[PDB]
Amino acid sequence: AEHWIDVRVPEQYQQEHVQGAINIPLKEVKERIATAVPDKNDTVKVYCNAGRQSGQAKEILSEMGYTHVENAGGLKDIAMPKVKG
């Protein structure tokens, strides 16, 4: 019960992202997460370039009543395998 959602602008996703994450920019995520992850108990890990937009995303999704949100920071601090542009 986990997913990784890059809430960053999609331009930077095409340069680097975590291996096996989705990109859905923050402003779409607040709708489109309901289509991608209708199970609110799934661990939605949110990340971006640096943490600030994913920090906001964690709060936004907690407000949307997702019961298992996690903030994963930003791509530089995340030390998971990557794919690049």
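Chemist: I would appreciate a short explanation of the UniProt feature "domain: Rhodanese" in the chain in the present structure.
Modeler: With numbering matched to this structure, UniProt assigns "domain: Rhodanese" to residues 1-85. For residues 1-85, the helix share is 32%, the strand share is 29%, and the end-to-end C-alpha distance is 28 Å.

Chemist: It is not clear to me how the pairing of strand β5 (residues 69-74) should be interpreted in this structure. Could you clarify?
Modeler: Remark: a regular strand shows side chains that alternate across the two faces of the sheet. Of the strand pairs in this sheet, strand β4 (residues 43-48) and β5 are connected by four bridges, and their pairing is parallel. From the neighbouring strand, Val44 faces β5, where its bridge partner is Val69. After leaving β4, the chain enters helix α3 (residues 52-63) and then returns to the sheet as β5, a path that is right-handed.

So, how was this worked out
- Residues numbered from 1 in each chain as written, not as in the entry; some residues may be left out.
- Heavy atoms only, no water.
- UniProt positions renumbered as here; feature names shortened; annotations may be inferred.
- Helix = DSSP H or I, 4+ residues; strand = E, 2+ residues; numbered from the N terminus.
- Pairing = 2+ DSSP bridges.
- Right-handed = clockwise from strand over helix to strand, strands pointing away.

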